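Have a look at the structure below before the remarks.
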Amino acid sequence: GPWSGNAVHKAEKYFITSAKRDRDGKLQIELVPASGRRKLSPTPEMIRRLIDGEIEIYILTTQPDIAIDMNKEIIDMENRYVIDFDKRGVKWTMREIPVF
Amino acid sequence: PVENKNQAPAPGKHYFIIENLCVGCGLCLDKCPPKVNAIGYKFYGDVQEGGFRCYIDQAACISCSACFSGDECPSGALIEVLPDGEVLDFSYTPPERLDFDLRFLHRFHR
Amino acid sequence: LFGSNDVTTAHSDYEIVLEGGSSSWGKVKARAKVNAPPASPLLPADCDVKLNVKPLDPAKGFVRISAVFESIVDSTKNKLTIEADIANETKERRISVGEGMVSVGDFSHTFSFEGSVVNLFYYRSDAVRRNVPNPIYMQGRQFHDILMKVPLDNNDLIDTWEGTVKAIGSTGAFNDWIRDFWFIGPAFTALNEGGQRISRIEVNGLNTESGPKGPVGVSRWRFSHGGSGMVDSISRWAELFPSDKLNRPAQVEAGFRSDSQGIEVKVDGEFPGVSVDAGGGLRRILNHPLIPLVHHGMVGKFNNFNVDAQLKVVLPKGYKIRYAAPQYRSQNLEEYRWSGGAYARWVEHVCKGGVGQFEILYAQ
Amino acid sequence: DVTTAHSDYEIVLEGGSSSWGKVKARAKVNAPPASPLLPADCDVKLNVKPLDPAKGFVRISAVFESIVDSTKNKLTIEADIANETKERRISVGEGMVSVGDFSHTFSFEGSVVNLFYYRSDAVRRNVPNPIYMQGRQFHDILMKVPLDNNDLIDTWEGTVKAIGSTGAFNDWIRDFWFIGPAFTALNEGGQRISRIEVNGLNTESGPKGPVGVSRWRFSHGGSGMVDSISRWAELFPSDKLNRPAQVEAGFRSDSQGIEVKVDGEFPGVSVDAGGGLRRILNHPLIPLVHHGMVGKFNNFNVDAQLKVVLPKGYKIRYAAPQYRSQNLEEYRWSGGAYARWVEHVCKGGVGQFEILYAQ
Amino acid sequence: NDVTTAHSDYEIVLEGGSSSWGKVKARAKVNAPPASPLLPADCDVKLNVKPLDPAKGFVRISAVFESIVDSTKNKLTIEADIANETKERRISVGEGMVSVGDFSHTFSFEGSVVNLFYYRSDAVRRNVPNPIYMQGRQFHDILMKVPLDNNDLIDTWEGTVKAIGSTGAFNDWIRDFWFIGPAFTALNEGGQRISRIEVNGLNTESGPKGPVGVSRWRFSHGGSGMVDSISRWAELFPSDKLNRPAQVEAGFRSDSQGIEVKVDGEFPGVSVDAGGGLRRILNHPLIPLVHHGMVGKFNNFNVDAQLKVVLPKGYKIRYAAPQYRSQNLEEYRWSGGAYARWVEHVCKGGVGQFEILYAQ
Ligand code: BCL
Ligand code: BCL
Ligand code: BCL
Ligand code: BCL
Ligand code: BCL
Ligand code: BCL
Ligand code: BCL
Ligand code: BCL
Ligand code: SF4
Ligand code: SF4
């Protein structure tokens, strides 16, 4: 179980690259697993996996913010973004360079 | 009859760190050359509750890749972005496997 | 002294629990651990196969099968789920209506299919069935008329559909070269190595229809699967389909895990067609289909191995074993266990693809 | 225990005036057979008598008495065969099958035109020993089968109905033609058989009632691995035949093992590879591959010996792995390398064993 | 005396940087008899590639097959210019000479190979990180000219003229002629299906010193994914990666006692970026594996194999399957164990993968 795949992640960690908001919304939002060999698209089957809990997609910070107000605009702590508006999504924070 | 000659001796970059995932162990600091000093501790609160994390100064950090190639991160916060944009928690993650156990009926493990 | 050293080892266990009376039901539990490397170009391949089946109302038949394949290959997750009602219209024809879905990694597509399979032996001679006790080889041919409809919700489906529409009209050799596409891997080799021949498909006209639940590509095509005689899908049409034996639901939870150091196979199953009645009041475990053996022969001859194989036929109290060649090693009052010696030789024979017989005849 | 195959081989050669040879082979292997029907006890007797060598017509009598799954089936053929030309052969004969209780007679008149794809003197001059010679064989066979049994009549009616419909019947008769893995053996041996051409399916009056007339043609392939096209003149030593030649080969196969007994006195065992050298006939490759597909199925240790008795005054000069023992006039191949070659050919190896003997 | 063992040494010296440009040194010896009715069978093959012009993209390849079989010497030399016009269509212009015994014929050829994959789905390439089984079709169109300077050669051309003009089934039997012997089996064991050819032209124009027979013909190779030529067409031709004249010598000698093989040479394309930042030593082409298994199944053998992958400094192997036994801090060594089982696997025709992933 844990030894299969990356041992840190309970669910498959799918980071979201900065594919965004450059051509009719850029529906081909780039989802990349922790393995990183493949580069998938956000098809409804990936959403089925994500709601199944087997995978979990995460937004990074140090990049052009990915449709940050067009995907979802809940900004209570700036990290309340959800895809199907009832997702309970989690954002990865990186104040890498802006902090001392 | 005739054959040709043979010889055969065989026989006889822009690395980032996710502070949400980072736990503040600082092996990146040990893996960084002292002349650069890219890895640095940032303190948030009580040390025993996670407290300080680590950060990279992008301008100072110039494509050494020692941190990630060392593969010393326990938390997987040390990430590498690629020119095409893929992100790597680890250099080589083990493959995901469909796990289900084996029990022979007549063997002693049944 | 001995030759062919440095052999690997395969440890295998099998159990066939038969059911007494007119019920030909069996419970097959098999385990295998092989230390030989697999023949997978994408080696880390683990597949779990859940084949459920349920008796729908037998007024018209239409037993319902439900197959779920989940395969992780090179850390690529694939899942195929098919639920289909299948019914033997007559002894030669079969008609099915079903739905299903594939899902590889990210791309998934659902299909709704109907299918008329007309299976005809190249000959039905009274003399043959009069003279032979059990014809294992039987020449014949299947004709599948398959109408499959797929909503083109994904853009990949749309591009592929446009490509296929252009191809079927631009090239008449498509009907041939589609066979080249039809075998994804070494299946083209296994086709001729298994005795199967596949005729050029005859398209009846694939067309798109505007569906409220997404546009649907509806493709109707017929293809002919001829058999040299080794093919279970043709020669054993009477079998392969528990038309009246499904008085109870049945299941299979098979699976394997294959990686650079080994293969791990676990099969649990309940099958209604394990036992076949024979002449003289004898009943036997069904003759092994030869397509499995031959198709396994391609990969079974890649390493030299020694097999430690056990098999337990839990025979019903009302039956006594007969005509067992190889013979049984351990004799219980009702159970019968084959292991070692000649049976081990047979296991090594069929692991490499040898189509040999393991006649086990049980009777009252 | 362990699968160990013991094979005792011996060949005795006449020389000078004859290319004849007497062969005895006793094989016993513990591996199970690859027959879906387990017990198979078959005996084969082939007797070729020179009816007339001047005419070229030699009479081959072939009886195959087999017991498979407690079913006794006996095939028999008698055929006068003659080379009309070096490319075309003509056969006229009669036979019958005796499968179980069913039995049917057939009278066959056939012509086989074995044409080479290419015949180049450049190829003939260099690379002298021709093995992979490709060619096409056009077989045209007319079969007369008396329709007596009502099941037989039903079969005849079924086939004449199947030829009325089923425009692709010629291609699918190939799938019917080969009961089991023989369709795979087509490709394994390299032969590709084309769609047959049925010149005529008809009935004809006769003393035994109607006789089904079946004239049909087909084409045996041209890879070159198959030896029917590569050695067209070698397989048929009509000129070298002057006495009856007899081969009795029988195998008894139980799940416990296979026991083979072969006793064959035949012409054509010695062929002159070059000037002053006589060679044992080169191994046909189609049997090697067709039996290798079966022999690959089980690991085995090998105990093999080969005894060669030459014509008096001849000695072995060149040899694939040399003879293990040599008595005067007797050579014995055994030990390591010969066992390696035997294990090679059991599993389908087409490697050579070039035994050259000279006066 | 009864033991048959295979002794093999392998050395893969990769070079630093994005370009692989690796050197392969392989020695092999096996006591099993060869699967060749003509023995002894000796062969020397020299393949040297030279960058003719980087701006034009033209590369030049010379292959010299020298062989001795049954005390007969055959030599196929061929110099060719390969040029990638498009990612599907590729052109070739070359000249060569086949000398068998006293006979010798020179040939020239213009040739276009158009390789088209059946499925160009973005879904498959998006999901599968390592595409192995890629179906497709290669259309070859070859115009080959040979001086008819020999009477036997003239006879061959004349007989072929009549053969083409007489039989309409010639396009099927020409495959039997071309696939001489076990080759016709191998194409079925490797997923290769060959369509009937089409003879566009068959004519003769005469040069002042002798006649020239010109034959233009097309054929269609068809790969069911297992074929290296189709599935790895891009990995086939690393012309962009080639700036230095690369070359490989390969000689195998086959007496009935044993087979001895030596393959020494450098060439690009050994390692490709598999994604995820790890360079992968290229996947094994499966056609060699199955075609060699065809003859390797014929006998059993003990395995004594040793592979020595020489990484360039600064790079480490992150994945090996099976694992490396020993490491010299730059050289990773696979000797015995599951690597021996994998060597047995591939010798007998196994298509199992050996994932060598290495990175900075
Ligand atoms: C060295 C010899 C070894 C050995 C070495 C190997 C090697 C080497 C390989 C295997 C492989 C396998 N072996 Mg093994 N194996 C040994 C002995 C065993 C034993 C045992 C001890 O009893 C068992 C239980 C097995 C069992 C298995 C399987 C787990 C596996 C093949 C899966 C298969 O069925 O796919 C079924 C596949 C298909 C049906 C093909 C699908 C593709 C084609 C294009 C489509 C076909 C038609 C389609 C399905 C029709 C659908 C529609 C119809 C309506 C139904 N082997 C011996 C001792 N084994 C192989 C494996 O899978 O590796 C990962 C493999 O590579
Ligand atoms: C595999 C060898 C033959 C073959 C032989 C058969 C046979 C035999 C049958 C069909 C049937 C069907 N075939 Mg088919 N068919 C093949 C190739 C194909 C291909 C293709 C690969 O392109 C397609 C699209 C089809 C299409 C179809 C459908 C029209 C139809 C119903 C499918 C369905 O219910 O599956 C559902 C999917 C499965 C259940 C997946 C698993 C398949 C395996 C083979 C089942 C093994 C059973 C196991 C040993 C015992 C299970 C016990 C459990 C308790 C259930 N065939 C090849 C040529 N085909 C059926 C029919 O006639 O319908 C009218 C039928 O009876
Ligand atoms: C669409 C496919 C076809 C079909 C194709 C075949 C073929 C072909 C064969 C059978 C065989 C059998 N099938 Mg069926 N069969 C169909 C319909 C059915 C139904 C049903 C009412 O739906 C049932 C319950 C059965 C039940 C059975 C048994 C009578 C018999 C196996 C007995 C044995 O001991 O198995 C014990 C077997 C197991 C322990 C192994 C099971 C292995 C795996 C799980 C299934 C086989 C396929 C392949 C290896 C794996 C998946 C590959 C792809 C992902 C599809 N069939 C459908 C319509 N079936 C086999 C038999 O022996 O025929 C005489 C056989 O070869
Ligand atoms: C594991 C390795 C084992 C081994 C494994 C096996 C196995 C396993 C089997 C055999 C089988 C056989 N083996 Mg063995 N065998 C070993 C060692 C040997 C040795 C030896 C070293 O001395 C010998 C001589 C043999 C010899 C034999 C044969 C007696 C037998 C196959 C009969 C045959 O000719 O059918 C030839 C039959 C054909 C030609 C039939 C063709 C059918 C088709 C449909 C008809 C097409 C048309 C027809 C050809 C046309 C002819 C036209 C006329 C020319 C006019 N084995 C090694 C050590 N062997 C088989 C056996 O005995 O079966 C019961 C078998 O399954
Ligand atoms: C085997 C490869 C080829 C083949 C190659 C040849 C060759 C070569 C010859 C024929 C010949 C004949 N072929 Mg044919 N033929 C094949 C398959 C067929 C089939 C079929 C059902 O597939 C048919 C209908 C025929 C029809 C016929 C007949 C018209 C004719 C005489 C047969 C005979 O007397 O057999 C009787 C059968 C027996 C004697 C048993 C034969 C066993 C083996 C194959 C040969 C004997 C040698 C044996 C190894 C050692 C014994 C030595 C003894 C002294 C004989 N062939 C396949 C496709 N055929 C002959 C001819 O040209 O006729 C005009 C001929 O010379
Ligand atoms: C081998 C499997 C396929 C095949 C696949 C390919 C591939 C792959 C290529 C060609 C190409 C060519 N093909 Mg082709 N082709 C085959 C059969 C044929 C036949 C025939 C009747 O047998 C003919 C006439 C041709 C004709 C031709 C030419 C038009 C052209 C250049 C040949 C040349 O320079 O060779 C010179 C001779 C050789 C170099 C001899 C050795 C060949 C082997 C295959 C090389 C392997 C290299 C080794 C693994 C690594 C070497 C490192 C070295 C440093 C280079 N092909 C079969 C069916 N064909 C090329 C092209 O597209 O041209 C436009 C090309 O890329
Ligand atoms: C032991 C072998 C491994 C394995 C090893 C490999 C290897 C190695 C390769 C692939 C490749 C592929 N495999 Mg895989 N893969 C396995 C299991 C699966 C399963 C699954 C059971 O869930 C699926 C869906 C797939 C799917 C795929 C694709 C991602 C890809 C081929 C693309 C293509 O052109 O296909 C087209 C395929 C078809 C034309 C064949 C026909 C499809 C099926 C059989 C049709 C019948 C379906 C159904 C049962 C019928 C009834 C319903 C009908 C609607 C009537 N694999 C098993 C476990 N796979 C290749 C790759 O990625 O290529 C880039 C590759 O190199
Ligand atoms: C005319 C031939 C074709 C062609 C056909 C093929 C085929 C087919 C294959 C390769 C393969 C390879 N080729 Mg190439 N290739 C062509 C052009 C080139 C050029 C170039 C710029 O000219 C270069 C540098 C290469 C380089 C390469 C490598 C990237 C790769 C082998 C990797 C390895 O480690 O091999 C290890 C090295 C070897 C084992 C050395 C082999 C040396 C011998 C002398 C050549 C092979 C002989 C073969 C077995 C028999 C041929 C007999 C025929 C009758 C001619 N190719 C030309 C245009 N090449 C393989 C690969 O993986 O492709 C992706 C592959 O499958
Ligand atoms: S990449 Fe180099 S500079 Fe940047 S943190 Fe690592 S060691 Fe320091
Ligand atoms: S190694 Fe990982 S946990 Fe430790 S300081 Fe670096 S990023 Fe944080």
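Going by the structure tokens order, chains are called A, B, ..., each with residues numbered from 1, while ligands are numbered from 1 in the order shown.
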Which chain B residues have any atom within 10 Å of an atom of chain A, and for each, what is the nearest pair of atoms with distance in Å to one decimal, counting only C-alpha atoms, rows sorted by chain and number, as CSV?
```
residue,atom,partner,partner_atom,distance
B:15,CA,A:96,CA,9.7
B:16,CA,A:96,CA,6.9
B:17,CA,A:94,CA,6.9
B:18,CA,A:94,CA,5.5
B:19,CA,A:94,CA,6.3
B:20,CA,A:93,CA,6.2
B:21,CA,A:92,CA,8.1
B:40,CA,A:100,CA,8.6
B:41,CA,A:100,CA,9.4
B:42,CA,A:100,CA,8.0
B:54,CA,A:96,CA,8.6
B:55,CA,A:96,CA,5.4
B:56,CA,A:96,CA,5.8
B:57,CA,A:97,CA,5.3
B:58,CA,A:97,CA,6.1
B:59,CA,A:97,CA,8.3
B:60,CA,A:97,CA,10.0
B:74,CA,A:8,CA,7.7
B:75,CA,A:8,CA,6.5
B:76,CA,A:8,CA,6.8
B:77,CA,A:92,CA,9.7
B:79,CA,A:34,CA,9.1
B:80,CA,A:36,CA,9.9
B:81,CA,A:17,CA,9.0
B:82,CA,A:36,CA,9.7
B:84,CA,A:17,CA,9.2
B:85,CA,A:17,CA,6.0
B:86,CA,A:36,CA,5.6
B:87,CA,A:36,CA,5.8
B:88,CA,A:34,CA,5.3
B:89,CA,A:34,CA,5.5
B:90,CA,A:35,CA,7.3
B:91,CA,A:35,CA,8.1
B:92,CA,A:35,CA,6.9
B:93,CA,A:6,CA,5.2
B:94,CA,A:5,CA,4.7
B:95,CA,A:5,CA,4.9
B:96,CA,A:5,CA,4.1
B:97,CA,A:4,CA,5.4
B:98,CA,A:1,CA,8.2
B:99,CA,A:1,CA,6.4
B:100,CA,A:1,CA,9.3
```
Would you mind exporting C-alpha atoms of the selected residues as a short mmCIF file (atom, residue, chain, number, x, y, z; two decimals), in the first residue's frame?
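Writing the result to result33.cif gives the following:
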```cif
data_model
loop_
_atom_site.label_atom_id
_atom_site.label_comp_id
_atom_site.auth_asym_id
_atom_site.auth_seq_id
_atom_site.Cartn_x
_atom_site.Cartn_y
_atom_site.Cartn_z
CA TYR B 15 13.65 24.52 -7.61
CA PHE B 16 10.97 25.31 -5.03
CA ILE B 17 10.02 24.00 -1.60
CA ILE B 18 6.44 23.69 -0.34
CA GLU B 19 6.39 25.12 3.17
CA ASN B 20 3.00 23.50 3.76
CA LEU B 21 4.73 20.14 3.27
CA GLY B 40 17.27 29.56 4.68
CA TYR B 41 15.09 29.05 7.73
CA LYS B 42 11.90 31.09 8.17
CA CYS B 54 12.88 26.51 4.65
CA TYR B 55 13.01 28.76 1.59
CA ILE B 56 15.08 29.11 -1.58
CA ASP B 57 16.29 32.46 -2.89
CA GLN B 58 15.74 32.03 -6.62
CA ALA B 59 18.23 34.73 -7.62
CA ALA B 60 20.97 33.26 -5.44
CA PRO B 74 11.27 13.14 3.92
CA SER B 75 8.25 15.37 3.34
CA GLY B 76 8.48 15.63 -0.44
CA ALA B 77 8.31 19.42 -0.24
CA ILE B 79 9.99 20.01 -5.79
CA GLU B 80 11.58 20.51 -9.21
CA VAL B 81 9.71 22.33 -11.96
CA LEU B 82 10.76 21.61 -15.53
CA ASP B 84 7.73 22.03 -19.85
CA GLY B 85 6.23 22.41 -16.36
CA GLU B 86 6.16 18.95 -14.78
CA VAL B 87 6.75 18.81 -11.02
CA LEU B 88 8.78 16.14 -9.21
CA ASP B 89 8.58 15.30 -5.52
CA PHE B 90 11.24 12.60 -5.91
CA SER B 91 13.75 11.73 -8.61
CA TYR B 92 12.25 8.25 -9.06
CA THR B 93 8.98 7.47 -7.32
CA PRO B 94 8.16 3.77 -6.96
CA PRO B 95 5.41 2.63 -9.32
CA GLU B 96 1.89 2.47 -7.98
CA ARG B 97 0.85 -1.17 -7.58
CA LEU B 98 -2.45 -3.01 -7.27
CA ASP B 99 -1.82 -4.75 -3.94
CA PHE B 100 -3.55 -8.01 -3.05
#
```
Using only C-alpha atoms and all ligand atoms, find each residue of chain C with at least one atom at most 6 Å away from an atom of ligand 1; report its shortest atom-to-atom pair and that distance in Å (one decimal), sort the rows by chain and rising residue number, and return the result as JSON lines.
```
{"residue": "C:10", "atom": "CA", "partner": "ligand 1", "partner_atom_place_in_ligand_line": "58 (C)", "distance": 5.2}
{"residue": "C:12", "atom": "CA", "partner": "ligand 1", "partner_atom_place_in_ligand_line": "21 (C)", "distance": 5.0}
{"residue": "C:32", "atom": "CA", "partner": "ligand 1", "partner_atom_place_in_ligand_line": "21 (C)", "distance": 5.0}
{"residue": "C:34", "atom": "CA", "partner": "ligand 1", "partner_atom_place_in_ligand_line": "58 (C)", "distance": 5.8}
{"residue": "C:36", "atom": "CA", "partner": "ligand 1", "partner_atom_place_in_ligand_line": "1 (C)", "distance": 5.1}
{"residue": "C:37", "atom": "CA", "partner": "ligand 1", "partner_atom_place_in_ligand_line": "8 (C)", "distance": 5.7}
{"residue": "C:38", "atom": "CA", "partner": "ligand 1", "partner_atom_place_in_ligand_line": "8 (C)", "distance": 3.8}
{"residue": "C:39", "atom": "CA", "partner": "ligand 1", "partner_atom_place_in_ligand_line": "66 (O)", "distance": 3.3}
{"residue": "C:40", "atom": "CA", "partner": "ligand 1", "partner_atom_place_in_ligand_line": "66 (O)", "distance": 5.0}
{"residue": "C:45", "atom": "CA", "partner": "ligand 1", "partner_atom_place_in_ligand_line": "64 (C)", "distance": 5.8}
{"residue": "C:183", "atom": "CA", "partner": "ligand 1", "partner_atom_place_in_ligand_line": "44 (C)", "distance": 4.5}
{"residue": "C:184", "atom": "CA", "partner": "ligand 1", "partner_atom_place_in_ligand_line": "44 (C)", "distance": 5.2}
{"residue": "C:187", "atom": "CA", "partner": "ligand 1", "partner_atom_place_in_ligand_line": "44 (C)", "distance": 5.0}
{"residue": "C:256", "atom": "CA", "partner": "ligand 1", "partner_atom_place_in_ligand_line": "29 (C)", "distance": 5.0}
{"residue": "C:258", "atom": "CA", "partner": "ligand 1", "partner_atom_place_in_ligand_line": "64 (C)", "distance": 5.0}
{"residue": "C:265", "atom": "CA", "partner": "ligand 1", "partner_atom_place_in_ligand_line": "29 (C)", "distance": 5.3}
{"residue": "C:299", "atom": "CA", "partner": "ligand 1", "partner_atom_place_in_ligand_line": "8 (C)", "distance": 4.4}
{"residue": "C:300", "atom": "CA", "partner": "ligand 1", "partner_atom_place_in_ligand_line": "2 (C)", "distance": 3.9}
{"residue": "C:301", "atom": "CA", "partner": "ligand 1", "partner_atom_place_in_ligand_line": "2 (C)", "distance": 5.9}
{"residue": "C:302", "atom": "CA", "partner": "ligand 1", "partner_atom_place_in_ligand_line": "1 (C)", "distance": 5.3}
{"residue": "C:303", "atom": "CA", "partner": "ligand 1", "partner_atom_place_in_ligand_line": "1 (C)", "distance": 4.2}
{"residue": "C:351", "atom": "CA", "partner": "ligand 1", "partner_atom_place_in_ligand_line": "17 (C)", "distance": 4.9}
```
Q | Members of region 63-103 of chain B assigned strand (DSSP E or B) by DSSP, as JSON, numbers by chain | A | {"B": [78, 79, 80, 81, 87, 88]}
Q.
Neighbouring residues of residue 22 (chain A) were defined as those with any atom within 12 Å, considering only C-alpha atoms; residues of the same chain fewer than 6 positions away were excluded. Please report them as a list in words.
A.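 Result of the neighbour search: residues 28, 29, 64, 65, 66 and 67 of chain A.
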Store the residues of this selection in a file with N, CA, C and O atoms, as a compact mmCIF listing (two decimals), in the first residue's frame.
```txt
# COMPACT_ATOMS: atom_id res chain seq x y z
N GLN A 28 -7.61 22.85 -20.99
CA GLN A 28 -6.58 21.82 -20.84
C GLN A 28 -5.64 22.24 -19.70
O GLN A 28 -4.46 22.53 -19.88
N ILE A 29 -6.21 22.26 -18.49
CA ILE A 29 -5.43 22.60 -17.30
C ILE A 29 -4.51 21.43 -17.00
O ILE A 29 -4.96 20.30 -16.80
N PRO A 64 2.24 31.85 -12.54
CA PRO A 64 1.02 32.59 -12.88
C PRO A 64 -0.20 31.87 -12.33
O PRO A 64 -0.46 30.71 -12.66
N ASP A 65 -0.94 32.56 -11.47
CA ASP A 65 -2.01 31.92 -10.70
C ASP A 65 -3.08 31.38 -11.64
O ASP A 65 -3.61 32.12 -12.47
N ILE A 66 -3.44 30.11 -11.45
CA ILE A 66 -4.13 29.33 -12.47
C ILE A 66 -5.63 29.60 -12.42
O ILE A 66 -6.37 28.94 -11.68
N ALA A 67 -6.10 30.55 -13.24
CA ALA A 67 -7.52 30.89 -13.29
C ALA A 67 -8.05 31.09 -11.87
O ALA A 67 -9.13 30.63 -11.51
```
Cut-off 7 Å: closest chain B/chain E atom pairs per residue, using only C-alpha atoms, as a tab-separated table:
```
residue	atom	partner	partner_atom	distance
B:1	CA	E:71	CA	5.7
B:2	CA	E:71	CA	5.4
B:3	CA	E:42	CA	6.5
B:4	CA	E:42	CA	6.7
B:8	CA	E:27	CA	6.1
B:10	CA	E:8	CA	5.8
B:11	CA	E:7	CA	5.4
B:69	CA	E:360	CA	6.7
B:88	CA	E:276	CA	6.9
B:92	CA	E:318	CA	6.1
```
Q | Neighbourhood of ligand 4 at 7 Å, counting only C-alpha atoms and all ligand atoms, reported as an MDAnalysis selection string | A | (chainID C and resid 354) or (chainID D and resid 5 7 25:27 29 31:35 40 177:180 182 250:251 253 258 260 291 294:300 302 342 346:347)
Q | Point-to-point distance from atom 64 (C, counted along the ligand's line) of ligand 8 to CA of residue 310 (chain E), Å rounded to tenths | A | 20.5 Å
Q.
Counting only C-alpha atoms and all ligand atoms, what are the residues, protein, DNA or RNA alike, that approach ligand 2 to within 6 Å? I want them as a list in words.
A. residues 51, 52, 53, 65, 67, 82, 84, 86, 94, 95, 96, 115, 116, 117, 146, 225, 233, 250, 251, 252, 270 and 271 of chain C
Q: May I ask you to write as number ranges by chain all residues lying at most 7 Å from ligand 9, with only C-alpha atoms and all ligand atoms counted?
A: B: 15, 28, 31-33, 36-39, 56, 60-67
Take the residues from that selection and put them in a file with N, CA and C atoms, as a compact mmCIF listing (two decimals), in the first residue's frame.
```txt
# COMPACT_ATOMS: atom_id res chain seq x y z
N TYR B 15 14.18 25.40 -8.64
CA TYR B 15 13.65 24.52 -7.61
C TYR B 15 12.88 25.32 -6.57
N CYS B 28 18.63 20.32 3.15
CA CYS B 28 18.93 21.13 1.98
C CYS B 28 20.10 22.07 2.25
N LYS B 31 23.16 20.20 1.92
CA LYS B 31 23.41 19.88 0.52
C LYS B 31 23.70 21.11 -0.33
N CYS B 32 23.65 22.32 0.24
CA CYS B 32 23.91 23.52 -0.53
C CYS B 32 25.34 24.01 -0.30
N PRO B 33 26.06 24.43 -1.34
CA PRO B 33 27.39 25.00 -1.13
C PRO B 33 27.33 26.21 -0.22
N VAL B 36 26.84 29.88 -1.82
CA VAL B 36 25.56 30.34 -2.36
C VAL B 36 24.61 30.76 -1.25
N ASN B 37 24.39 29.88 -0.28
CA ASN B 37 23.48 30.15 0.83
C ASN B 37 22.07 30.46 0.32
N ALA B 38 21.52 29.51 -0.43
CA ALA B 38 20.18 29.65 -0.98
C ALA B 38 19.11 29.17 -0.01
N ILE B 39 19.35 28.07 0.69
CA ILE B 39 18.40 27.56 1.67
C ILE B 39 18.48 28.41 2.93
N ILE B 56 14.03 28.95 -0.58
CA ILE B 56 15.08 29.11 -1.58
C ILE B 56 15.02 30.53 -2.11
N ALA B 60 19.71 33.81 -5.92
CA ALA B 60 20.97 33.26 -5.44
C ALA B 60 21.15 31.82 -5.91
N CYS B 61 20.07 31.05 -5.94
CA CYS B 61 20.14 29.63 -6.29
C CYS B 61 20.27 29.49 -7.80
N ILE B 62 21.42 28.99 -8.25
CA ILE B 62 21.71 28.87 -9.68
C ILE B 62 21.98 27.39 -9.96
N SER B 63 20.91 26.66 -10.28
CA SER B 63 20.95 25.37 -10.96
C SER B 63 22.11 24.49 -10.50
N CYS B 64 22.13 24.16 -9.21
CA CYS B 64 23.02 23.11 -8.74
C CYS B 64 22.33 21.75 -8.76
N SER B 65 21.07 21.70 -8.33
CA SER B 65 20.27 20.49 -8.28
C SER B 65 20.81 19.47 -7.29
N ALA B 66 21.76 19.87 -6.43
CA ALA B 66 22.28 18.95 -5.43
C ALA B 66 21.18 18.54 -4.45
N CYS B 67 20.31 19.48 -4.08
CA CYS B 67 19.28 19.19 -3.10
C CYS B 67 18.37 18.07 -3.57
```
**Q.** Protein and nucleic residues near ligand 7, 7 Å, only C-alpha atoms and all ligand atoms, as JSON, numbers by chain
**A.** {"C": [40, 41, 42, 45, 46, 47, 69, 70, 71, 72, 73, 78, 79, 80, 82, 100, 102, 103, 104, 111, 112, 113, 115, 146, 148, 181, 182, 183, 184, 185], "E": [119, 124, 125, 128, 130, 131, 132, 133, 134]}
**Q.** Test item, helix (DSSP H, G or I) assignment across chain A, answer as a count of residues only
**A.** 9
Q) When the cut-off is 7 Å and we count only C-alpha atoms, which residues of chain E are near chain D, given as a PyMOL selection string? A) chain E and resi 1-2+32-39+70+72+101+103+152+176-177+179-182+184-185+256-257+298-299
